[PDB]
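**Q** Below you'll find the structure I mean.
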Amino acid sequence: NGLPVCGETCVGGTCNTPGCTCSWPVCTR
């Protein structure tokens, strides 16, 4: 939801993470 601690990236726009918020370069929670 903003916190850059998703642990996953989204260079393609697919954080591929649950309840994530792809913000690029890394997703957030």
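As shown in the structure tokens, the chain order sets the letters A, B, ...; within each chain, residues go from 1, and ligands are also counted from 1 in the order they appear.
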Pick out the residues sitting within 9 Å of residue 7 of chain A, and hand them over as a list in words; count only C-alpha atoms, and ignore anything fewer than 2 positions along from it in its own chain.

**A**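 Contacts, with the query itself left out: residues 4, 5, 9, 17, 26, 27 and 28 of chain A.
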
**Q** Quick check, in Å to one decimal: how far apart do atom CA of residue 16 of chain A and atom CA of residue 3 of chain A lie?

**A** 16.2 Å
